[PDB]
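S.K.: I would like the atomic coordinates for the input below:
(2 chains, ligands or ions: 3)
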Amino acid sequence: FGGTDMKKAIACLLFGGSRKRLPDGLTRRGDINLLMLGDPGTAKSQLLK
Amino acid sequence: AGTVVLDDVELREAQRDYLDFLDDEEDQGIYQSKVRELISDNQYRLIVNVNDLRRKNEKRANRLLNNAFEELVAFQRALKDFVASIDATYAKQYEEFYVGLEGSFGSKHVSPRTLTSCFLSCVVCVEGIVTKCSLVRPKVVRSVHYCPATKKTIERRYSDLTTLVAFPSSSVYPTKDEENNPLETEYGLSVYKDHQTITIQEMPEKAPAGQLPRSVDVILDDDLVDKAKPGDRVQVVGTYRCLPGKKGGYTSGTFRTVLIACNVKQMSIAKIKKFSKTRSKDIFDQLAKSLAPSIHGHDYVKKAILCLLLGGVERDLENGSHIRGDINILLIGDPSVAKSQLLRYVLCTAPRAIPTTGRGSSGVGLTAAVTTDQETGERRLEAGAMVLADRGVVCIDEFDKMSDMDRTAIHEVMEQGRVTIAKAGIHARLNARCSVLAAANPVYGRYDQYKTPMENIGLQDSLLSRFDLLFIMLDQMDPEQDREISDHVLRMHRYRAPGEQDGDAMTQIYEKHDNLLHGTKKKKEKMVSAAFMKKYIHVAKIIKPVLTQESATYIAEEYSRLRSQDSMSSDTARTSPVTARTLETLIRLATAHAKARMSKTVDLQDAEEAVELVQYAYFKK
Ligand SMILES: Nc1ncnc2c1ncn2[C@@H]1O[C@H](COP(=O)(O)OP(=O)(O)O)[C@@H](O)[C@H]1O
Ligand SMILES: Nc1ncnc2c1ncn2[C@@H]1O[C@H](COP(=O)(O)OP(=O)(O)O)[C@@H](O)[C@H]1O
Ligand SMILES: [Mg+2]
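M.R.: Residues are numbered from 1 along each chain as shown, chains lettered A, B, ... in the order given. Ligands and ions are numbered 1, 2, ... in the order given. What follows is the structure:
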């Protein structure tokens, strides 16, 4: 129940971004990192599973 | 054995084909000059491109890849013929010459995990790392004996691996005459060839995660004895054959497969003169500016990295005294100031670069270790990261997390450039001349402006004196600077490689102008290409400048001025103490700048640039 914004963030996490190498040899990350801080019993582990 | 062969169509035709292959008279071929170079250098083997052979004669290439031994024999015969033709005198020294192979093998490019019995008796290419090596041992080929009783000398010829299968009649050492008179071996007249054995493992970076590695065994002949060492990444091209077991009655039916190497590879003027002579100061100006377009600003750090790339001059005297010539830098800054990007770029550009983070490697894995060999009971030395990086670069990310003992160990490398090792039974002094990059976070997470840098750095004065340069980087949130940073970042993000369709998944001295990577305003200037930059860096590193009398007194007076200004600097604090190492640092930076612009002597401008760098780095508001 709830967390439509959280679910959309998880969906765009699953799809992920695009990685880009550069002519200098340097690279830039193409993946997304998320953090969830909350009280116990807020249905966080279930989303991870 | 009196058996001889009179005719063989295939062998004769193959020899004729190789004779026509290596002519290079009516063609643009180069092999003639290669043979002349071999004669000049007293070497006795050749390397021939497989793709070139396939282009000239596809059938011969197909046969050689599918069948190795006979075709290689034909190659060696043709080499003997042409070496005799060009210069018959030189061909007398050596029995037979050898052939190397090179080029893109295609399907036969095979990993140690994917070597199978399907490739037996063919020529294969393999990429791996070296794990085990053995001592070099001589092997007898031709033996000579003398009989004091009858004053007669005899000679015996040996050929073991020349023929596929050997018999007990051969490989017998003579000791007695026909009338039982003793024979005396005469080691001077005999012939020996060297022999070595190595082991190659699939690189851990290439192996599937969580699976055990697989390895191959290689035999190195007389020429390739010293071409490999343990802990090295190599590519080996050679035959893949079975090993004949010794005589017996009952056999289980399982052979041993051994790769016999033929090629071992360590995987890796007018323009320069004109550019240098015309530009002088603009040389280092553009090199500092064009160091890395992917990184925005920070001219001082780019200058310092360029000084590392060029470096100082190693000097020695009569008494055996050694004077250091390497430079060392430490960067401290707020998060997201692209320190790790700089480290990665230096790793990519520098020839010998090794990354070793804070807790990734300990004190033992940094310098070296001593291990007792169980096979012989002797003591052996295993080199660490810093010994491998002789005359190279070691990059240390998260330098603050490193333990104290590791830094005390690094002291020996940073001061003198040597490592002393000793355990009862062995002691040695290994060379470890090297340069270090280090990036460390501030203790408080983010750099505090009000507190003096000593509290933020949290490092002792000795370690600070060990480093040549200290730099502090900050993320100032100026709206216009943020606008510039956003412009640069999004320009780099929107860029796509030319020749790649949009939406798809995944040499001139000056680089061609780009609309996005450079911008419309930058049309008045250009950036230097990476390849020419590397060539110029190598040439500059070769050059040996000399210090002039004009600048020595100037630098000494400025050092005295700084040590007196120690009392004058009241409005600002000092990042690093001023010791005797500062003067050597001044001379070193002056020589590095003199290396930047190809010349013969160190001038005043280099000293001024060095002093500007020192003044900027050593004090902060
Ligand atoms: N909004 C909700 N809808 C459905 N089930 C829920 C909801 N909130 C909590 N739960 C139930 O409560 C439990 C929450 O435990 P858990 O997600 O492990 O908590 P946490 O992730 O904080 O450790 C889940 O098993 C889930 O079935
Ligand atoms: N001056 C700069 N020019 C371009 N990009 C930058 C700059 N400073 C920071 N960045 C961006 O911010 C990120 C910083 O990551 P990182 O280099 O790991 O920071 P740090 O090394 O300080 O932890 C990089 O991905 C880089 O793209
Ligand atoms: Mg970092």
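S.K.: CA only for contacts and neighbour counts going forward, please
M.R.: OK.
S.K.: number of residues surrounding residue 14?
M.R.: By default, I'm working from chain A. Residue A:14 has 11 neighbouring residues, counting by other Cα atoms under 10 Å in any protein chain shown.
S.K.: meant chain B, my bad for not saying
M.R.: Neighbours of residue B:14 (other Cα under 10 Å): 18.
S.K.: do the same with residue B:563
M.R.: There are 14 residues near residue B:563, going by other Cα under 10 Å.
S.K.: quick one, what contacts it?
M.R.: The neighbours of residue B:563, taking Cα atoms under 8 Å, 6 or more residues apart in numbering or on different chains as the test, are residue B:578.
S.K.: are we agreed that it is in a helix?
M.R.: Yes: using DSSP: H, G, I helix; E, B strand; the rest coil, the assignment for residue B:563 is a helix.
S.K.: can you give me the distance of it to residue B:570?
M.R.: Computed as Cα to Cα, to the nearest Å, the residue B:563 to residue B:570 distance reads 14 Å.
S.K.: what of residue B:374?
M.R.: The value you get for residue B:374 to residue B:570, if Cα to Cα is used, is 64 Å.
S.K.: and residue B:109, what are its bridge partners?
M.R.: Beta-bridge pairing of residue B:109 under DSSP bridges involves residue B:125.
S.K.: dump the residue contacts of it.
M.R.: Contacts of residue B:109 by Cα under 8 Å, 6+ apart are B:124-126.
S.K.: closest to chain A among the residues you listed?
M.R.: Closest approach to chain A among the contacts of residue B:109 (Cα to the nearest Cα): residue B:126, at 26.2 Å.
S.K.: my read: the closest one touches residue B:239, true?
M.R.: No: contact criterion Cα atoms under 8 Å: residue B:126 and residue B:239 do not qualify, at 10.8 Å.
S.K.: what comes into contact with stretch B:54-62?
M.R.: B:14, B:17, B:21, B:50, B:53.
S.K.: from those, which is closest to ligand 1?
M.R.: residue B:50 (61.3 Å; Cα to the nearest ligand atom).
S.K.: how about that closest one, phi and psi?
M.R.: Per-residue torsions, residue B:50: phi -70, psi -40 (degrees, to the nearest 10).
S.K.: which among the contacts of stretch B:54-62 count as buried?
M.R.: B:14, B:17, B:21, B:50, B:53 (16 or more other Cα atoms under 10 Å in any protein chain shown).
S.K.: mind putting these in JSON lines, secondary structure and distance to residue B:142 included?
M.R.: Below are the buried ones among the contacts of stretch B:54-62 laid out as JSON lines (DSSP: H, G, I helix; E, B strand; the rest coil; distance: Cα to Cα, whole Å):
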{"residue": "B:14", "secondary structure": "helix", "distance to residue B:142": "30"}
{"residue": "B:17", "secondary structure": "helix", "distance to residue B:142": "33"}
{"residue": "B:21", "secondary structure": "helix", "distance to residue B:142": "33"}
{"residue": "B:50", "secondary structure": "helix", "distance to residue B:142": "34"}
{"residue": "B:53", "secondary structure": "helix", "distance to residue B:142": "35"}
